[PDB]
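Visitor:
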Amino acid sequence: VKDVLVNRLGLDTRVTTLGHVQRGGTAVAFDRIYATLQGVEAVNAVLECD
Amino acid sequence: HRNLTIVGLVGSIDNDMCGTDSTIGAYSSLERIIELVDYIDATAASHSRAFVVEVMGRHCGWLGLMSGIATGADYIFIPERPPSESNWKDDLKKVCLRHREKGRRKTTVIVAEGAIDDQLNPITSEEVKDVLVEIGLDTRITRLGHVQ
Amino acid sequence: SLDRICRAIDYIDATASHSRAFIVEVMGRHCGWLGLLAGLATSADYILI
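Order-wise, the sequence lines are chains H, X and U.
Sequential numbering from 447 applies to the first sequence in PDB author numbering.
Sequential numbering from 348 applies to the second sequence in PDB author numbering.
The third sequence lines up with residues 348 to 363, 365 to 397 when you count with PDB author numbering.
1. Kindly indicate which three-state DSSP category residue 394(U) falls into: helix, strand or coil?
2. Cβ of residue 339(X) within 9 Å of Cβ of residue 447(X)?
3. Which residues, in order along the stretch 459-474 of chain H, keep a beta-carbon less than 9 Å from a beta-carbon of chain X?
4. Under 9 Å between C-beta atoms, does residue 355(U) make it to chain H?
5. Could you tell me the boundaries of the beta strand (DSSP E) in which residue 396(X) lies?
6. Report all residues from its chain with a CB closer than 6 Å to the CB of residue 383(U); omit the five preceding and five following residues, and keep chain order.
7. Using 10 angstroms around the beta-carbon of residue 398(X), count the other beta-carbons present and answer buried if the total reaches 16, otherwise exposed.
8. Residues in the stretch 372-393 of chain X with C-beta within 8 Å of chain H's C-beta atoms, listed in sequence order?
9. Taking Cβ-Cβ distances shorter than 8 Å, what residues in chain H pair up with residue 348(U)?
10. If we count the other Cβ atoms within 10 Å of its Cβ and call it buried at 16 or more, is residue 353(X) buried or exposed?
11. Whole alpha helix (DSSP H) runs in the stretch 436-485 of chain X with 4 or more residues, listed along the chain?
12. In the stretch 475-489 of chain X, which residues sit with their C-beta less than 7 Å from some C-beta in chain H, listed in chain order?
13. Report all residues from its chain with a CB closer than 6 Å to the CB of residue 439(X); omit the five preceding and five following residues, and keep chain order.
14. Using C-beta distances below 7 Å, list every residue in its chain close to residue 372(X), excluding the 5 sequence neighbours before and after it, in chain order.
15. If you follow the beta strand (DSSP E) that residue 369(U) is in, where does it begin and where does it stop?
16. In the stretch 447-469 of chain X, which residues sit with their C-beta less than 7 Å from some C-beta in chain U, listed in chain order?
17. Taking 9 Å as the CB-CB cut-off, is residue 489(H) touching chain U?
18. Residue 429(X): buried (16+ other C-beta within 10 angstroms of its C-beta) or exposed?
19. I'd like to know whether the C-beta atoms of residue 489(X) and residue 396(X) end up nearer to each other than 9 Å.
20. Given a threshold of 16 other Cβ atoms within 10 Å of its Cβ, counted over all protein chains shown, does residue 362(X) qualify as buried or as exposed?
21. Can you give me the C-alpha to C-alpha distance between residue 426(X) and residue 494(X), rounded to a whole angstrom?
22. Would you kindly report the start and end of the unbroken alpha helix (DSSP H) that includes residue 459(H)?
23. Under DSSP, the beta strand (DSSP E) around residue 353(X) begins and ends at which residues?
24. With a CB to CB cut of under 7 Å and the five nearest residues on each side skipped, what residues in its chain are close to residue 392(X)?
25. With the cut-off set at 9 Å, would you say residue 462(H) and residue 491(X) are in Cβ contact?
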């Protein structure tokens with residue numbers, strides 16, 4: 447992708463790679479609220495199971 | 348207009364300029380690096396993991412150094428004190444495994460934009476990743492890029 | 348994860365300049381949801397999903 451931008455177009459291309467950044471940090475409000483409720487449901491589901 | 352009146356301000360993330368202890372943008376750029384490495388660090392540690400951070404700054408090892416201190420990096424690559432072309436890989440291995448022996452599970456290496464060996468050959472983060480991978484560590488490159 | 352990506356793109360957009369292109373290499377092996385949503389949230393020119 448970089449070479450196409452640098453050679454087919456005249457653009458000085460700078461790559462940014464997130465790597466482990468994309469798995470680290472605290473869960474966003476949506477993930478905290480939803481993961482929590484899912485945990486609660488998973489327990490009930492497991493108990494209600496037949 | 349016979350006598351030019353010219354004043355200079357150092358607007359540089361590098362922190363390369365002489366005579367000034369710090370240039371405009373240097374600490375902010377350092378903050379962006381820290382911002383990212385903080386995410387990497389903010390996970391519960393895994394048994395055989397490694398992380399490589401490709402940091403910007405073409406002419407000076409200040410960002411690399413300061414990131415090293417600020418993040419508790421195992422090893423850093425700076426143009427001012429480059430390792431031997433002959434045994435940098437073997438010294439990298441030593442340092443890392445020493446810390447891993449002492450309890451460290453979050454092996455972090457910082458590679459500057461201008462990173463080189465004592466024979467002027469550049470040191471890519473991919474080169475560094477390969478070294479740590481052959482030590483049995485699942486290595487992940489993080490290139491800051493224009494974020495800095 | 349989508350948030351981490353957008354945090355980087357936001358920092359990239361927060362600057363000046366001609367002859368400049370920027371590549372955001374995104375983690376996500378099977379799906380293109382992260383690429384598509386980051387692309388949408390940050391109005392990216394082209395996405396490879």
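All residues carry an ideal CB built from backbone N, CA and C; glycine is no exception.
Guide: Looking at the atomic coordinates:
1. The count along the third sequence starts at 1 and reaches residue 394(U) at position 46. Here residue 394(U) carries a coil assignment [DSSP, helix/strand/coil].
2. Because chain X here runs from 348 to 495, residue 339(X) falls outside it and cannot be looked at.
3. Cβ contacts with chain X: 460, 461, 462, 463, 464, 465, 466, 467, 468, 469, 470, 471 and 472.
4. Reading the third sequence from its first residue, position 8 is the one you call residue 355(U). So yes, residue 355(U) belongs to the interface.
5. Position 49 of the second sequence, counted from the start, is the residue given in the question as residue 396(X). Per DSSP, residue 396(X) belongs to the beta strand (DSSP E) from 396-401.
6. Locating residue 383(U) in the third sequence gives position 35, where the first residue counts as 1. For residue 383(U), same chain residues with a beta-carbon under 6 Å away, outside a window of 5 residues either side, are 374, 395 and 397 in chain order.
7. Start at 1 with the first residue of the second sequence, and residue 398(X) comes out as number 51. By the C-beta density criterion, residue 398(X) is buried, having at least 16 other C-beta atoms within 10 angstroms.
8. The stretch 372-393 of chain X vs chain H, Cβ under 8 Å: 383, 385, 386, 387, 388, 389 and 390.
9. Counted from its first residue, the third sequence places residue 348(U) at position 1. Simply 468 and 469.
10. Residue mapping note: residue 353(X) aligns to position 6 of the second sequence, counting from 1. With a 10 Å radius around the Cβ and a threshold of 16 neighbouring Cβ atoms, residue 353(X) comes out exposed.
11. Entirely contained in the stretch 436-485 of chain X, the alpha helix (DSSP H) runs reaching 4 residues are, in chain order, 472-480.
12. For the stretch 475-489 of chain X, residues whose beta-carbon sits nearer than 7 Å to a beta-carbon of chain H comprise 487, 488 and 489.
13. For the purposes of this step, residue 439(X) is taken as residue 92 along the second sequence, with counting starting at 1. If you ignore the 5 residues before and after residue 439(X), its C-beta comes within less than 6 Å of the C-beta of 422 and 478, all in its own chain and listed in chain order.
14. What you label residue 372(X) is simply residue 25 of the second sequence in a count that begins at 1. Within the same chain, residue 372(X) has close Cβ partners 358, 359 and 360.
15. Reading the third sequence from its first residue, position 21 is the one you call residue 369(U). Per DSSP, residue 369(U) belongs to the beta strand (DSSP E) from 368-373.
16. If the cut-off is 7 Å between Cβ atoms, the stretch 447-469 of chain X has nothing near chain U.
17. Start at 1 with the first residue of the first sequence, and residue 489(H) comes out as number 43. So no, residue 489(H) is outside the interface.
18. Translated into the one-based positions of the second sequence, residue 429(X) becomes position 82. The residue in question, residue 429(X), is buried, as its Cβ has 16 or more Cβ neighbours within 10 Å.
19. The count along the second sequence starts at 1 and reaches residue 489(X) at position 142. The count along the second sequence starts at 1 and reaches residue 396(X) at position 49. Taking 9 Å as the Cβ cut-off, residue 489(X) and residue 396(X) do not qualify as a contacting pair.
20. Along the second sequence, one-based indexing puts residue 362(X) at 15. A residue is called buried when at least 16 other Cβ atoms come within 10 angstroms of its Cβ; residue 362(X) meets this threshold and is buried.
21. Within the second sequence, the letter at position 79 stands for residue 426(X). Within the second sequence, the letter at position 147 stands for residue 494(X). Between the C-alpha atoms of residue 426(X) and residue 494(X) there is a straight-line separation of about 22 Å.
22. Numbered from its first residue, the first sequence carries residue 459(H) at position 13. Premise fails: residue 459(H) lies in the beta strand (DSSP E), 458-463, not in any alpha helix (DSSP H).
23. One-based indexing of the second sequence puts residue 353(X) at position 6. Run containing residue 353(X): none; DSSP gives neither H nor E here.
24. What you label residue 392(X) is simply residue 45 of the second sequence in a count that begins at 1. If we look at residue 392(X) and ignore the five residues flanking it on each side, its Cβ neighbours are 452 and 453.
25. Position 16 of the first sequence, counted from the first residue, corresponds to residue 462(H). Position 144 of the second sequence, counted from the first residue, corresponds to residue 491(X). In contact: residue 462(H) and residue 491(X) (Cβ atoms closer than 9 Å).
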